[PDB]
Amino acid sequence: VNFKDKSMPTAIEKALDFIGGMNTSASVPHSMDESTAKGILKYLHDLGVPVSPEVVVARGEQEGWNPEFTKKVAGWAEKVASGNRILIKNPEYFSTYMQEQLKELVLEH
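Under the deposited numbering, residues 2 to 110 are what the sequence shown spells out, in order.
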């Protein structure tokens, strides 16, 4: 009994949560959240959902991200939407839990 009729699991917006992170104070020096973000982003692309760089900048302005980070992500989304591929600096950091989390929200959608 949730009472809320139906509702909708915000899968895509929870992906933004991973992109924004739990520490939004970062710009030039990003650690794992550069390549892991790419991993998640390319997973969406693999599912057939190529994100537009616009939605990154737009949501970045809304949630208050750092421009340098947003522009980098926009460059990734650029290539992602264009159908290109990017290099991951640390492939081990793409953990299964994050993937199956998004996957589960899309599944129940």
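Think of the CB as a built atom: it goes at the ideal place given N, C-alpha and C, for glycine as much as any other residue.
By the Cβ neighbour-count rule, residue 38 is buried, with 16 or more other Cβ atoms within 10 Å of its own. At the C-beta level, residue 12 and residue 52 stay beyond 8 Å of one another. Within 10 angstroms of the beta-carbon of residue 70 lie 16 or more other beta-carbons, which makes it buried.
When DSSP states are grouped into helix, strand and coil, residue 60 belongs to the helix group.
For residue 32, the number of other beta carbons within 10 angstroms of its own is below 16, and it is reported as exposed. Spanning the alpha carbons of residue 66 and residue 26 requires a straight line of approximately 8 Å. In the displayed model, residue 36 falls within a helix according to three-state DSSP. For residue 99, the secondary structure class from DSSP, reduced to helix, strand or coil, is helix. Leaving aside the five residues that flank residue 21 on each side, the residues in its chain whose CB is nearer than 7 Å to its CB run, in chain order, 64, 66.
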